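File shown: data_29.tsv (TSV, C-alpha atoms).
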chain	number	residue	atom	x	y	z
A	36	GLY	CA	128.53	60.85	108.16
A	37	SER	CA	129.07	64.49	109.06
A	38	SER	CA	129.79	65.96	112.50
A	39	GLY	CA	127.05	68.54	112.03
A	40	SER	CA	125.46	70.29	109.06
A	41	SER	CA	127.08	73.65	108.30
A	42	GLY	CA	130.79	74.40	108.16
A	43	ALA	CA	132.86	77.57	108.40
A	44	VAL	CA	131.16	80.94	108.89
A	45	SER	CA	131.45	83.47	106.06
A	46	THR	CA	129.38	86.19	104.40
A	47	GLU	CA	128.24	83.57	101.90
A	48	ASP	CA	126.69	81.42	104.62
A	49	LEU	CA	125.10	84.44	106.30
A	50	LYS	CA	123.53	85.69	103.07
A	51	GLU	CA	122.26	82.22	102.16
A	52	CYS	CA	120.62	81.79	105.56
A	53	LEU	CA	118.88	85.16	105.26
A	54	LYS	CA	117.48	84.17	101.86
A	55	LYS	CA	116.08	80.93	103.30
A	56	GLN	CA	114.46	82.83	106.17
A	57	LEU	CA	112.63	85.26	103.90
A	58	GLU	CA	111.70	82.54	101.42
A	59	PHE	CA	110.57	80.15	104.15
A	60	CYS	CA	108.77	82.89	106.07
A	61	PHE	CA	106.88	83.77	102.90
A	62	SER	CA	106.33	80.10	102.09
A	63	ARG	CA	102.77	78.82	101.63
A	64	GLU	CA	103.05	76.52	104.65
A	65	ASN	CA	104.86	79.12	106.76
A	66	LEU	CA	102.34	81.80	105.79
A	67	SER	CA	99.38	79.63	106.81
A	68	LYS	CA	101.33	78.50	109.87
A	69	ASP	CA	102.29	82.00	111.01
A	70	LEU	CA	98.96	83.39	112.22
A	71	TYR	CA	100.84	86.54	113.24
A	72	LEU	CA	102.35	87.08	109.79
A	73	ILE	CA	98.92	86.79	108.17
A	74	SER	CA	97.42	89.19	110.71
A	75	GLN	CA	100.17	91.68	109.88
A	76	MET	CA	99.67	91.30	106.13
A	77	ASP	CA	97.81	94.00	104.20
A	78	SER	CA	94.52	94.09	102.28
A	79	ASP	CA	96.28	93.32	99.00
A	80	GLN	CA	98.17	90.44	100.60
A	81	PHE	CA	101.19	92.66	101.27
A	82	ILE	CA	103.58	92.47	104.22
A	83	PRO	CA	105.39	95.49	105.74
A	84	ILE	CA	109.17	95.49	105.33
A	85	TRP	CA	109.45	96.83	108.88
A	86	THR	CA	107.90	93.63	110.23
A	87	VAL	CA	110.44	91.45	108.43
A	88	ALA	CA	113.34	93.80	109.18
A	89	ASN	CA	112.29	93.70	112.83
A	90	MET	CA	112.34	89.90	112.93
A	91	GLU	CA	114.82	88.55	115.47
A	92	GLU	CA	116.26	86.01	113.04
A	93	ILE	CA	116.45	88.65	110.31
A	94	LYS	CA	118.01	91.12	112.75
A	95	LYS	CA	120.68	88.67	113.90
A	96	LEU	CA	121.39	87.65	110.30
A	97	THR	CA	121.33	91.20	108.94
A	98	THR	CA	120.93	94.69	110.39
A	99	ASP	CA	120.87	96.57	107.08
A	100	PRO	CA	117.66	97.56	105.25
A	101	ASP	CA	119.35	97.86	101.85
A	102	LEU	CA	120.81	94.36	102.13
A	103	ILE	CA	117.51	92.83	103.25
A	104	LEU	CA	115.52	94.67	100.58
A	105	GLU	CA	117.92	93.41	97.91
A	106	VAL	CA	117.51	89.82	99.09
A	107	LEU	CA	113.72	90.04	98.96
A	108	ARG	CA	113.65	91.78	95.57
A	109	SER	CA	116.47	89.51	94.39
A	110	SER	CA	114.41	86.40	95.16
A	111	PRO	CA	111.34	85.41	93.10
A	112	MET	CA	109.36	83.82	95.93
A	113	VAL	CA	108.97	87.42	97.09
A	114	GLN	CA	108.72	90.83	95.42
A	115	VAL	CA	109.48	94.26	96.86
A	116	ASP	CA	107.63	97.29	95.49
A	117	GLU	CA	109.84	99.25	93.10
A	118	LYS	CA	109.89	101.95	95.78
A	119	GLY	CA	110.49	99.53	98.64
A	120	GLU	CA	107.68	99.84	101.17
A	121	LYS	CA	105.75	96.57	100.89
A	122	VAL	CA	106.60	93.03	99.81
A	123	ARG	CA	104.35	90.18	98.68
A	124	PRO	CA	105.02	86.47	98.01
A	125	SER	CA	105.09	85.85	94.26
A	126	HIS	CA	101.76	84.05	93.96
A	127	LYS	CA	102.60	83.07	90.38
A	128	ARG	CA	104.87	80.35	89.00
A	129	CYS	CA	107.35	81.86	86.54
A	130	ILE	CA	109.62	78.85	86.06
A	131	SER	CA	108.62	75.30	85.12
A	132	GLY	CA	111.21	73.31	87.06
A	133	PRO	CA	114.77	72.68	85.84
A	134	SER	CA	114.72	76.22	84.43
A	135	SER	CA	115.94	78.99	86.73
A	136	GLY	CA	118.05	82.02	85.85
Would you kindly transcribe this structure into C-alpha coordinates?
Amino acid sequence: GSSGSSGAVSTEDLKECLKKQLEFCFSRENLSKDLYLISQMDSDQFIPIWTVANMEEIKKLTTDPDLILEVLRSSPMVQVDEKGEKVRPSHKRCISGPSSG
(Lines of atoms letter the chains of each structure in order from A and count residues from 1; the text may use other names and numbers.)
(Lines give C-alpha, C1' and ligand atoms only; values in the text may rest on other atoms or scores of the structure.)
Protein backbone atom coordinates (compact mmCIF):
# COMPACT_ATOMS: atom_id res chain seq x y z
CA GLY A 1 0.00 0.00 0.00
CA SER A 2 1.31 3.41 1.05
CA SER A 3 3.53 4.23 4.02
CA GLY A 4 1.18 7.00 5.09
CA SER A 5 -1.25 9.32 3.33
CA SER A 6 0.32 12.66 2.40
CA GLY A 7 3.71 13.21 0.80
CA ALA A 8 6.07 16.17 0.56
CA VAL A 9 5.14 19.50 2.16
CA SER A 10 4.57 22.45 -0.17
CA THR A 11 2.35 25.52 -0.43
CA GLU A 12 -0.02 23.43 -2.55
CA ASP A 13 -0.58 20.94 0.27
CA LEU A 14 -0.96 23.73 2.84
CA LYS A 15 -3.55 25.59 0.77
CA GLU A 16 -5.49 22.40 0.03
CA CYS A 17 -5.64 21.50 3.72
CA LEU A 18 -6.93 24.96 4.63
CA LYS A 19 -9.71 24.65 2.04
CA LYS A 20 -10.78 21.30 3.50
CA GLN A 21 -10.84 22.77 7.01
CA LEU A 22 -13.13 25.66 6.06
CA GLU A 23 -15.32 23.45 3.87
CA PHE A 24 -15.52 20.70 6.49
CA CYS A 25 -16.03 23.17 9.33
CA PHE A 26 -18.93 24.69 7.39
CA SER A 27 -20.20 21.24 6.42
CA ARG A 28 -23.76 20.26 7.34
CA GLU A 29 -22.57 17.47 9.63
CA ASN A 30 -19.75 19.57 11.10
CA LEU A 31 -22.10 22.51 11.64
CA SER A 32 -24.62 20.38 13.52
CA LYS A 33 -21.75 18.63 15.30
CA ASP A 34 -19.99 21.83 16.37
CA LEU A 35 -22.33 23.18 19.04
CA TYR A 36 -19.83 26.00 19.57
CA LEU A 37 -19.81 27.03 15.91
CA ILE A 38 -23.61 27.21 15.87
CA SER A 39 -23.64 29.23 19.09
CA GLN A 40 -21.18 31.67 17.51
CA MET A 41 -23.21 31.96 14.31
CA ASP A 42 -25.35 35.05 13.71
CA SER A 43 -29.09 35.65 13.39
CA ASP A 44 -28.93 35.35 9.60
CA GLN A 45 -26.92 32.13 9.86
CA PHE A 46 -23.64 34.03 9.48
CA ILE A 47 -20.30 33.21 11.10
CA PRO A 48 -17.68 35.82 12.09
CA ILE A 49 -14.42 35.67 10.13
CA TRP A 50 -12.56 36.37 13.37
CA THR A 51 -13.80 33.08 14.82
CA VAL A 52 -12.50 31.10 11.85
CA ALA A 53 -9.29 33.11 11.60
CA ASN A 54 -8.76 32.46 15.31
CA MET A 55 -9.14 28.70 14.88
CA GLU A 56 -6.03 26.80 15.94
CA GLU A 57 -6.03 24.63 12.82
CA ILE A 58 -6.64 27.68 10.64
CA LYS A 59 -3.94 29.61 12.49
CA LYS A 60 -1.35 26.85 12.07
CA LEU A 61 -2.30 26.42 8.42
CA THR A 62 -2.48 30.15 7.68
CA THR A 63 -1.82 33.36 9.61
CA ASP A 64 -2.99 35.77 6.91
CA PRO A 65 -6.52 37.23 6.74
CA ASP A 66 -6.34 38.01 3.02
CA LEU A 67 -5.33 34.44 2.20
CA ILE A 68 -8.05 32.93 4.40
CA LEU A 69 -10.71 35.31 3.08
CA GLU A 70 -9.78 34.39 -0.49
CA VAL A 71 -10.11 30.67 0.27
CA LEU A 72 -13.57 31.13 1.78
CA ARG A 73 -14.80 33.42 -1.00
CA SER A 74 -13.01 31.22 -3.54
CA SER A 75 -14.94 28.16 -2.39
CA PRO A 76 -18.68 27.71 -3.07
CA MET A 77 -19.51 25.77 0.10
CA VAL A 78 -18.95 29.14 1.77
CA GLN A 79 -19.43 32.79 0.82
CA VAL A 80 -17.74 35.88 2.24
CA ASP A 81 -19.61 39.20 2.18
CA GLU A 82 -18.33 41.41 -0.64
CA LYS A 83 -16.86 43.61 2.10
CA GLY A 84 -15.45 40.71 4.10
CA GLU A 85 -16.94 40.74 7.59
CA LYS A 86 -19.19 37.68 7.73
CA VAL A 87 -19.30 34.33 5.94
CA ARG A 88 -22.14 31.85 5.50
CA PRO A 89 -22.26 28.27 4.13
CA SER A 90 -23.80 28.29 0.66
CA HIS A 91 -27.17 26.76 1.56
CA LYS A 92 -27.98 26.36 -2.13
CA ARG A 93 -26.82 23.79 -4.68
CA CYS A 94 -25.39 25.55 -7.74
CA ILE A 95 -23.91 22.54 -9.52
CA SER A 96 -25.63 19.26 -10.41
CA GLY A 97 -22.74 16.83 -10.02
CA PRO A 98 -20.09 16.21 -12.70
CA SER A 99 -20.28 19.93 -13.47
CA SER A 100 -17.90 22.21 -11.57
CA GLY A 101 -15.98 25.21 -12.85
Between stretch 37-123 of chain A and stretch 130-136 of chain A, at 12 Å or less, what are the per-residue closest atom pairs and their distances in Å? Count only C-alpha atoms, order by chain and rising residue number, and return it as CSV.
residue,atom,partner,partner_atom,distance
A:109,CA,A:136,CA,11.5
A:110,CA,A:136,CA,10.9
A:111,CA,A:130,CA,9.8
A:112,CA,A:130,CA,11.1
Legend entry - Residue among A:38, A:82, A:129, A:124 lying closest to residue A:63, counting all atoms listed in the file: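 Closest to residue A:63 of all the choices is A:124.
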Inset, instruction - Measure the distance from atom CA of residue A:125 to atom CA of residue A:50 in Å and round it to one decimal. - result: 20.4 Å
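Proximity to residue A:74 was assessed for A:36, A:86, A:105, A:51 counting all atoms listed in the file; the smallest distance is recorded for A:86.
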Inset, instruction - Measure the distance from atom CA of residue A:70 to atom CA of residue A:85 in Å and round it to one decimal. - result: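 These atoms are spaced 17.4 Å apart.
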Legend entry - Selected residue of minimal separation from residue A:114 among A:66, A:43, A:84, A:53, counting only C-alpha atoms: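 Nearest to residue A:114: A:84.
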Legend entry - Atom pair atom CA of residue A:62 / atom CA of residue A:93: separation (Å):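 Atom CA of residue A:93 lies 15.6 Å from atom CA of residue A:62.
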Legend entry - Selected residue of minimal separation from residue A:98 among A:115, A:65, A:77, A:49, counting all atoms listed in the file: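 For residue A:98, the nearest of the given residues is A:49.
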With all atoms of stretch 69-79 of chain A from the file as input, state the centre and edge lengths in Å to one decimal of the axis-aligned box that has 8 Å extra on each side, as lines of an AutoDock Vina configuration file.
center_x = 98.4
center_y = 88.0
center_z = 106.1
size_x = 23.8
size_y = 28.1
size_z = 30.2
Inset, instruction - Using only C-alpha atoms, find the one residue out of A:71, A:42, A:97, A:121 that sits nearest to residue A:56. - result: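 Using only C-alpha atoms, residue A:56 sits closest to A:97.
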Legend entry - Given all atoms listed in the file as the counted atoms, nearest of A:122, A:113, A:57, A:45 to residue A:94: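 Smallest distance to residue A:94 is found for A:57.
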